[PDB]
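**Student:** Those protein sequence lines, which keep their order, are chains A and B. Read in order, the letters of the first sequence are residues 25 to 340, 358 to 555 in PDB author numbering. Read in order, the letters of the second sequence are residues 23 to 246, 253 to 353, 368 to 556 in PDB author numbering. All C-beta atoms in this analysis are idealised placements derived from N, C-alpha and C, irrespective of residue type, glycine included.
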Amino acid sequence: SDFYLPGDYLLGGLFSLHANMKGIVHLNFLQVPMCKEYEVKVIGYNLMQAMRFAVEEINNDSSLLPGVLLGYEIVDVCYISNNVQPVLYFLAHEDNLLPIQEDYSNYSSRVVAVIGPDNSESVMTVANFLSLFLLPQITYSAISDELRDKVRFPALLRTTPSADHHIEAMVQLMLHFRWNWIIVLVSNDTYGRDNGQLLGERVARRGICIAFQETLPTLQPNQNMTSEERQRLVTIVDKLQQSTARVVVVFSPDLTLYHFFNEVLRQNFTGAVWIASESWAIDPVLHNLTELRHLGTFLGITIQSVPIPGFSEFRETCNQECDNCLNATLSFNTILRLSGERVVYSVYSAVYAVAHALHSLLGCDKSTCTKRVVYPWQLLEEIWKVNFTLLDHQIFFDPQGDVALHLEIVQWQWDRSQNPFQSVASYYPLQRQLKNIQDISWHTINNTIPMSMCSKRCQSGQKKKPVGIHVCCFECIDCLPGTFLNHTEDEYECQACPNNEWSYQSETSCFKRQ
Amino acid sequence: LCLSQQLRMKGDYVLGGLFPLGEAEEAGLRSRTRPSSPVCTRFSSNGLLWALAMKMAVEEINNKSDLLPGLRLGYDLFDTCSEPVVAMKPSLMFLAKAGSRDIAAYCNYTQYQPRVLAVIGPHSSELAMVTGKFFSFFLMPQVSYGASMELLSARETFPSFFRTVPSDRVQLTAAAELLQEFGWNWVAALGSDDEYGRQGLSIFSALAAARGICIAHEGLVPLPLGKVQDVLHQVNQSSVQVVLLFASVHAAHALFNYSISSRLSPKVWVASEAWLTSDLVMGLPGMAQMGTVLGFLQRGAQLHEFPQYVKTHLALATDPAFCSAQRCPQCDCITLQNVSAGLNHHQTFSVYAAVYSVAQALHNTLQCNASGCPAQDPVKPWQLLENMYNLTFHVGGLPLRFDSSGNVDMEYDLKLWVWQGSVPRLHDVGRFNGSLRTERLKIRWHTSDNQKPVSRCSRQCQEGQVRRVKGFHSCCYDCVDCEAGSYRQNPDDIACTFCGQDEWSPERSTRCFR
Ligand SMILES: COC(=O)[C@H](Cc1ccccc1)NC(=O)[C@H](CC(=O)O)NCCCc1ccc(OC)c(O)c1
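#1: What residue does the alpha helix (DSSP H) around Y394 of chain B start on, and which one ends it?
#2: Less than 8 Å between the C-beta atoms of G323 of chain B and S300 of chain B, yes or no?
#3: List, in chain order, every chain B residue whose beta-carbon is nearer than 8 Å to that of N107 of chain A.
#4: What residue does the beta strand (DSSP E) around residue 252 of chain B start on, and which one ends it?
#5: Which residue from B:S170, B:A343, B:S276, B:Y134 puts its Cα closest to that of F53 of chain A?
#6: For the alpha helix (DSSP H) that contains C366 of chain A, what are its first and last residues?
#7: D278 of chain A: beta carbon under 7 Å from a heavy atom of ligand 1?
#8: Quick one: is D278 of chain A buried, meaning 16 or more other Cβ sit within 10 Å of its Cβ, or exposed?
#9: Tell me the DSSP secondary structure of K155 of chain B in three-state form.
#10: In chain order, what residues of the same chain lie with their CB nearer than 6 Å to the CB of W453 of chain A, ignoring the 5 residues before and after it?
#11: For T407 of chain B, collect the residues of the same chain with a Cβ closer than 7 Å to its Cβ; drop the 5 residues on either side in sequence, then sort them by chain order.
#12: Quick one, which residues of the stretch 160-185 of chain A are near chain B if we go by CB-CB under 9 Å, in chain order?
#13: Against chain A, does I125 of chain B count as a neighbour if the rule is that its beta carbon must be under 8 Å from one of theirs?
#14: Select from A:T549, A:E225, A:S40, A:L316 the residue whose C-alpha is nearest the C-alpha of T529 of chain A.
#15: Less than 8 Å between the C-beta atoms of residue 558 of chain B and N449 of chain B, yes or no?
#16: Write down the C-beta distance between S105 of chain A and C59 of chain A rounded to the nearest angstrom, noting that I regard them as a contact closer than 8 Å.
#17: Specify the secondary structure class of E97 of chain A as computed by DSSP and reduced to three states.
#18: Do we get a CB-CB distance below 8 Å when we pair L114 of chain B with the residues of chain A?
#19: Hey, is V273 of chain A close to ligand 2, as in C-beta under 7 Å from one of its heavy atoms?
#20: May I have the straight-line CA-CA distance separating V92 of chain A from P30 of chain A, to the nearest angstrom?
#21: Alpha carbon to alpha carbon, what distance is there between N44 of chain A and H239 of chain B?
#22: Quick one: is the Cβ of residue 345 of chain A within less than 7 Å of any heavy atom of ligand 1?
#23: From B:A316, B:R30, B:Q402, pick the residue whose C-alpha is nearest to that of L89 of chain B; which is it?
#24: Should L71 of chain A be listed as close to ligand 1, given that the test is whether its C-beta is under 7 Å from any heavy atom?
#25: Among B:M162, B:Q193, B:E172, B:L173, which has the Cα closest to the Cα of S182 of chain B?
#26: By DSSP, does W297 of chain B sit in helix, in strand, or in coil?
#27: Using a Cβ-Cβ cut-off of 8 Å, state whether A116 of chain A counts as contacting chain B.
#28: Leaving out five residues on either side along the sequence, give the residues of the same chain with a beta carbon under 8 Å from the beta carbon of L403 of chain A.
#29: Pull up the distance between the alpha-carbon of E340 of chain A and that of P244 of chain B, whole angstroms please.
#30: Within 7 Å: the Cβ of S382 of chain B and any heavy atom of ligand 1?
#31: If we call anything under 8 Å between Cβ atoms a contact, is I536 of chain B one with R510 of chain B?
#32: Rounded to whole angstroms, what is the Cα-Cα separation between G319 of chain B and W297 of chain B?
#33: Thinking C-beta only, is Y113 of chain A closer than 8 Å to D142 of chain A?
#34: Check whether the Cβ of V49 of chain A lies closer than 8 Å to any Cβ atom in chain B.
#35: Nearest to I139 of chain A by CA position, among A:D213, A:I490, A:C233, A:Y393, is which residue?
#36: Using a Cβ distance threshold of 8 Å, determine whether the stretch 481-492 of chain A contacts the stretch 509-521 of chain A, with at least three qualifying pairs required.
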């Protein structure tokens, strides 16, 4: 079968092949939730194929694990649903029973490591259990900052930069183009609330102002829209249309945005800059709504593209199946081909990290490995210590368990003759700087940079007066005669001229006349 | 004593229980390197008192012929040590197979049977959610004597959770009722930067908007001082006389230590249960100078016989013959002098009620005739859960009722710190049960004249007045007068329009004249 490959040591693989934001978490008639009826997602199957390709390479390459077969067992975890049972299935002692003990130092679990879930909530839920056994867990796409507390999650490591760096990239991009007045949309779930709070803090500290924050309804493309949801979407898009802000930052699952963008199309809306968060920045499905060309320009945050060799051709016990996955991926294969492996590198590096850590744990030379029983805590102990080059990049684990990889800002392109996600800038998390911004193309008449700002910059001799709550909004008022704006000291008030000098209106100088 | 040995006894049906019997030492916050549970040697009295309350409740349920006639009810208590790592091990142990020490990973459970019927849940909210995922996946009843966290109301994610204490929303709606009934439509809100306070601020902000209460300022204070200085500075800048402080005890102590450092200005503080009842904050000197402190506390009956019960059992627990009848260390060394301070603790009732509710729910599920239950195969947890959603049960008197939300209908008393000497006397000045009854003449304010202190804003103005918004949600206006020599051309607009050189008008005028 596709989801299982025997070996001497086994890796547990968790990916979300099917998803539904309103899925049932509890048992149905005392049978474990079955995900086949939820919507299939192409990119999750792509990442699962990435794991399988990585293990194929490791089994072929005798230089890394000579004579040791590396196997895997993969289970579908469907957003929240089916969180619990796969963990017990990984931990059980080969007859699906897990004994309760006061000590697990000598307990041989069925898998030695878990390539963990893609969702923050699933990651935390699984880590709660795997923390007891100290079974090493590596997650490739869960960005929430909560995961940095290793007293809280000792067993957990990541191969993608934390949410802080995503927010930093967005903020520095907005600063570079000197935007000042932005809209924020969130999807009424914990991902949206997390990232919205973090963005609020950073933006407030950096002098940009969030003009507007709003929550989307949790609509679904297969489901018919109710009148109330329609009214809500109408309200949201009307609010945006009548407002002056045109930078729109969207934190949402891709499933939620289909109806939102359709409604935006109904409203004849145009002219925005859509800052797409990682959760949808590279979705093939949304990209194929070719009418989006008229809604402005789309810039997304993602992890740096690294071209994996050979993986392009490779892409050509309940809840271990997917029927529609291959039929779905077959259609998008061309678009996927053009899009350089991005998150695929996170999965690839996770598997290679476990491979190297196991290779070191066995003390293995590149001739033979002295096979022995491996207990997960020792493999975690060795995983913390690896440092090696992988495909012209390099991975080693920080004190917080993260790995440093370049972030990338990408513009959506619709020509279909070349890469649909063009690189336009790159953010280095070690330097905490956005770097090497290239030629973005704009919807504007002559590619002059668009902007949205609360108030235009005042003329010389005009002091500020705050308009309201936001520091970013100010009226301009000329200084009165006999007073001047000492711009080197203050911006909000005009100072009086010396007792022997005077000034005109809207003047910074003083002169010796009555 | 021989008292740890009493934390278990047999029965035809078994109740599991989680309490903070022990705690970690500060040096005991060890970084684990082998997978074994932290050994929480350090004792804590509150947990033991709650466990004794559970023992008393089960003893009564066995004694009464009116409930579960012909069956013996047993219990099995475990320490949580207030951490997920420790709490999760007995959580797994509870759901192990009947008559065995193993947990099973089957894909269907139609005739599976765990060793416990239901679990008396943990006290703190973090443990409540962590164990709620697990227990609600299996559809096992969980009944918590604490965990006011509002997030637990969600039946999409916590189907089987119940509690015998009101959730945060009841207290916050009572606070909104207080503000509305006293007429304080202009306030500031502060919370502790933990999930408790950070969720409370969201709930209260939405409620305040719904009832027309305007929030001048929002902020969070850290738990263990730049942000504290910033928060109090902004509060003073906001020109507000009423401040809500929905903060954990340590955060409140930090903020009021800063206030002790300098009492910048006095204000009416709306407290929360935790601060309102915790000694280390109540002991701070001269707090009458802060302004009056108000807050709502829920009222339930005492366990009148409980102190005599504890006296009796701590006397009995050392008889050399009775000892013939170590999950908690140091439990066996305790003496009544270290326990006495907590014998009157209000939360014991919530433990007692919980047990009774479960017992009642079982009695209904078995359909027991009062003279004896009918013969049946063992009741499974998911059978009991179906009956428990619509359950009315007496607790000594005062019959309570669960509903679909899993909460109980319970009423609140408005407590005022009437300061006398260095001691605040807790004075009742009203009740809330969904509507607020206030005995206003009894409260004496901090302001010398003992008239009601004023914290309000306008939302209406003669049309000749400006409309510049203020407040965190722009829910207030300034009403500044339109200038003489100008006319108010636009209703509800900001500006006014000026008149000719020979053209004159009053202030607030809509017209000008020759
Ligand atoms: C609660 O957060 C969310 O619901 C969202 C969206 C989501 C919903 C259902 C299933 C997966 C994702 N999460 C994220 O975007 C997480 C960040 C985090 O979750 O911390 N980064 C994933 C980037 C690569 C990715 C992998 C799998 C994909 O589909 C199977 C997919 O679309 C994108």
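**Tutor:** Reading from the atomic positions:
#1: As a first step, residue 394 of chain B is located in the second sequence; it is residue number 352 there, counting from the start. Where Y394 of chain B is concerned, the enclosing alpha helix (DSSP H) stretches over 390-408.
#2: Sequence index remark: in the second sequence, residue 323 of chain B carries index 295 (1-based). Sequence index remark: in the second sequence, residue 300 of chain B carries index 272 (1-based). Yes, they are a contact pair.
#3: As a first step, residue 107 of chain A must be located in the first sequence, where it is residue number 83. Neighbours of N107 of chain A on chain B, chain order: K155, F159.
#4: Note on chain B: consecutive modelled numbers read 246 then 253, so residue 252 of chain B has no coordinates in the structure shown.
#5: For the purposes of this step, residue 53 of chain A is identified with residue 29 of the first sequence, where counting begins at 1. Among B:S170, B:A343, B:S276, B:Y134, the Cα nearest to that of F53 of chain A is on B:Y134.
#6: Position 325 of the first sequence, counted from the first residue, corresponds to residue 366 of chain A. Where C366 of chain A is concerned, the enclosing alpha helix (DSSP H) stretches over 365-379.
#7: By 1-based counting over the first sequence, the position of residue 278 of chain A is 254. The answer is yes for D278 of chain A.
#8: Taking the first residue of the first sequence as position 1, residue 278 of chain A is located at position 254. By the 10 Å Cβ count, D278 of chain A comes out buried.
#9: Counting from 1 along the second sequence, the entry for residue 155 of chain B is found at position 133. If DSSP states are grouped into helix, strand and coil, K155 of chain B belongs with the helices.
#10: Mapped onto the first sequence, residue 453 of chain A falls at position 412. Counting only Cβ-Cβ distances below 6 Å, and skipping sequence neighbours, we find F322.
#11: Locating residue 407 of chain B in the second sequence gives position 365, where the first residue counts as 1. Taken in chain order, the residues that qualify are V421, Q425, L426, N429.
#12: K174, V175, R176, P178
#13: Walking along the second sequence from the start, residue 125 of chain B turns up at place 103. Answer yes: the Cβ-Cβ gap between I125 of chain B and chain A drops below 8 Å somewhere.
#14: If you number the first sequence from 1, residue 529 of chain A lands on position 488. For the set A:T549, A:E225, A:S40, A:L316, the Cα lying nearest the Cα of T529 of chain A is the one of A:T549.
#15: Because chain B is modelled from 23 through 556, residue 558 of chain B falls outside the range shown and cannot be assessed.
#16: Taking the first sequence and counting its residues from 1, one reaches residue 105 of chain A at position 81. Taking the first sequence and counting its residues from 1, one reaches residue 59 of chain A at position 35. Their Cβ separation, rounded to whole angstroms, is 7 Å, which keeps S105 of chain A and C59 of chain A in contact under 8 Å.
#17: Along the first sequence, read from residue 1 onward, the residue named residue 97 of chain A stands at position 73. Strand.
#18: As a working note, residue 114 of chain B is residue 92 in the second sequence. Yes - at least one Cβ of chain A is within 8 Å of the one on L114 of chain B.
#19: This structure does not include ligand 2; its bound ligands are ligand 1.
#20: Numbered from its first residue, the first sequence carries residue 92 of chain A at position 68. Numbered from its first residue, the first sequence carries residue 30 of chain A at position 6. Roughly 11 Å separates the two Cα atoms.
#21: Here residue 239 of chain B corresponds to residue number 217 of the second sequence, with the count starting at 1. Here residue 44 of chain A corresponds to residue number 20 of the first sequence, with the count starting at 1. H239 of chain B and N44 of chain A: Cα-Cα distance of roughly 38 Å.
#22: Coordinates for residue 345 of chain A are absent; the numbering of chain A skips from 340 straight to 358.
#23: Here residue 89 of chain B corresponds to residue number 67 of the second sequence, with the count starting at 1. Considering only alpha carbons, the answer is B:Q402.
#24: Within the first sequence, the letter at position 47 stands for residue 71 of chain A. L71 of chain A Cβ: within cutoff of ligand 1.
#25: As a working mapping, residue 182 of chain B is identified with position 160 in the second sequence. Considering only alpha carbons, the answer is B:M162.
#26: Residue mapping note: residue 297 of chain B aligns to position 269 of the second sequence, counting from 1. Looking at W297 of chain B - three-state DSSP - the assignment turns out to be strand.
#27: Mapped onto the first sequence, residue 116 of chain A falls at position 92. At least one beta carbon of chain B lies nearer than 8 Å to the beta carbon of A116 of chain A.
#28: In the first sequence, the residue the question calls residue 403 of chain A occupies position 362. So the qualifying residues of the chain are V92, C410, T411, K412, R413, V415.
#29: Here residue 340 of chain A refers to the residue found at position 316 of the first sequence. Here residue 244 of chain B refers to the residue found at position 222 of the second sequence. Spanning the two alpha carbons is a distance of roughly 53 Å.
#30: The count along the second sequence starts at 1 and reaches residue 382 of chain B at position 340. No.
#31: To locate residue 536 of chain B, count along the second sequence from 1; it is residue 494. To locate residue 510 of chain B, count along the second sequence from 1; it is residue 468. Yes, these two residues count as a Cβ contact at 8 Å.
#32: In the second sequence, residue 319 of chain B corresponds to position 291, counting from 1. In the second sequence, residue 297 of chain B corresponds to position 269, counting from 1. Spanning the two alpha carbons is a distance of roughly 7 Å.
#33: Looking up residue 142 of chain A in the first sequence gives position 118. Looking up residue 113 of chain A in the first sequence gives position 89. Not in contact: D142 of chain A and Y113 of chain A (Cβ atoms no closer than 8 Å).
#34: For the purposes of this step, residue 49 of chain A is identified with residue 25 of the first sequence, where counting begins at 1. Answer yes: the Cβ-Cβ gap between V49 of chain A and chain B drops below 8 Å somewhere.
#35: To locate residue 139 of chain A, count along the first sequence from 1; it is residue 115. The option with the nearest alpha carbon to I139 of chain A is A:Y393.
#36: no
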